[PDB]
């Protein structure tokens, strides 16, 4: 079930490539919803089960004994990312003199097993296909880009400049809301340093960034 080897995980990943959500859900005796409107994480959770990841786990990475993070990536009919990719929650407090090297973002993006999946709305959920895995490590350039955005976004957060934060900041990674709705709150830092109530935020990779990953892969 849970792969004990990196070779095991990749082979298990190679083997589900080409399957439709219906076929895989069938094997795992997992019911398939009509669509993702009220099961937004169903596909990500489907792949976790098929690959041996623990459901609901809060570990730094899906496979801590391998140092591998698993992420599904919805792609459109032309091979382009359909959505941005959620990475992790931005620490709004207890962010003192935090460095990039020890960041959650870095930890989660150091080694990613990308599982591209069809996301086109015109295709019935049951029939969407699972693509071929892409075992990824950020290039020296990609990591410099991520680090730069992380530092810029974090400076904004640590300085209580949350009001100035928009999704438009960041070259390849951005901050957008991450919660139940626009009324969700978590502790943050105000304009004077007081601990305030604020909208929880998460780091997201932009579509251009993941599109670059898919492109480099195709070029191989």
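Positions refer to the first chain, counted from 1.
Trainee: Identify the stretch, either 176-184 or 191-199, whose C-alpha atoms have the larger mean B-factor according to the entry.
Mentor: Here the higher of the two C-alpha B-factor means belongs to 191-199.
Trainee: Should the higher mean CA B-factor in the entry be assigned to 89-97 or to 109-117?
Mentor: The stretch with the larger average C-alpha B-factor is 89-97.
Trainee: By the entry's C-alpha temperature factors, tell me which of 66, 169, 43, 55 sits highest.
Mentor: When the deposited C-alpha B-factors of 66, 169, 43, 55 are compared, 55 is largest.
Trainee: Highest CA temperature factor in the entry: which of 146, 134, 123, 82?
Mentor: In this record, 123 carries the highest C-alpha B-factor of the candidates.
Trainee: Thinking about Cα B factors across the chain, which third does residue 16 belong to?
Mentor: Its C-alpha B-factor belongs to the highest third of this chain's values.
Trainee: If you rank every modelled residue in this chain by C-alpha B factor, which third holds residue 151: lowest, middle or highest?
Mentor: It belongs to the middle third of the chain when residues are ordered by C-alpha B-factor.
Trainee: Within this chain's modelled residues, let me know which third the CA B factor of residue 70 belongs to: lowest, middle or highest.
Mentor: It falls in the bottom third of the chain.
Trainee: Within this chain's modelled residues, let me know which third the CA B factor of residue 25 belongs to: lowest, middle or highest.
Mentor: Answer is highest: the recorded C-alpha B-factor places it there.
Trainee: Using only modelled residues of the chain, where does the Cα B factor of residue 60 rank: lowest third, middle third or highest third?
Mentor: Middle third.
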